[PDB]
Structures are given as C-alpha cells and as structure tokens.
C-alpha cells in the first residue's frame, strides 16, 4: 500500500526531464518490507512522442533474469505529478499485456536537474499490494549520487543511507529499445 503524497520539485522543468533520453536507477528505497528484491536493475526513458507524454520502463532481476518492459501514456495531475496506465511490451513494443483499468502507477518528480533526479512512484497492479518506492536517477548509469540529489533526499525527510544501490549487479541496458519504445 502507498502512504506518501510526494511533493513535486518547485519549478520543475518538464521539457528537460521529458526530453526523450534515458534515466538509470542508481539507488532506490522501498517503504514496504520484503516488497521487491534487494538486487535489481531498472531504467526508463521519458519524452513526448507525436504530442503525447510517454514513459518506457525496463526492469531486470540480475539473479532470476526476470525481464520486462512497459510503455505508458502519462496523464497530468499537476506539474511534476503523473498517472499512467502501463502496458507490458516486448523490447520492440509488441503488446504482451494490454492496458487495464486498475493497472497504473503514479510518478512524482521530487528533484531534477540535467543529470540527476529523485522520483517517488506508487504502482497499482491488480491483486498485489506494492508500496511506495523512491528512486535516485542519473543520466550516467555509473554515477555516484552527488550533493544536489542527496540534499534533495534529505529535504524529503529521507535518509540516503537507507537507499539500496543497483551498482554491484552488472546491470546492462538496451538504451535503443527504451528510446524506441516511447513511440509505441
């Protein structure tokens, strides 16, 4: 279950964030115990495609090899806060699981600059009961979190020391498929 109304960044620059490029998750914080694996790889691309706000997601469990992509058209709740009915797709955008009512996530951009971001997401997926997940993003998949984003974690009244790193999982990403999925 989700419990947080995350506050969007003051002055959030949507066109910079949603520029069609890839963001890598470098660190995350799951508020529910035992909710997701400790070891994981995730990335996304975010952009406008033929006038529509879109996100493409990639998840990979480096131990099980469980892999999945998603694409969504984002709807706007307020600047920096979005809702999105996700469809699971293959890497080429072919639909594996259609959009369904009740399958959606919310997405709040709590901090962003050109190279780093802090987001909150609340995923709703039928009968599961996932909780709040915060993620530190970087444009560079290997970047250690810098002072701007770490300060934003503190300003959200969170402890960066509790975030789990994705860096020791040998994560490798198909950047091309994330970018192309934005159109699908």
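Numbering follows the first chain given and starts at 1.
Averaged over Cα atoms, the B-factor as recorded in the entry is higher for 127 to 135 than for the other of 46 to 54 and 127 to 135. Two stretches are in play, 64 to 72 and 37 to 45, and the higher mean C-alpha B-factor belongs to 37 to 45. Within the group 117, 29, 122, 156, the record's highest C-alpha temperature factor is found at 156.
Among all modelled residues in this chain, the alpha-carbon of residue 168 has a temperature factor (C-alpha) in the highest third. The entry lists a Cα temperature factor for residue 91 that places it in the highest third of the chain's modelled residues.
When the CA B factors of the chain's modelled residues are split into thirds, the value for residue 161 lands in the highest one. Sort the modelled residues of the chain by CA B factor and residue 19 lands in the lowest third. Residue 150 sits in the middle third of its chain by CA B factor, as recorded in the PDB entry.
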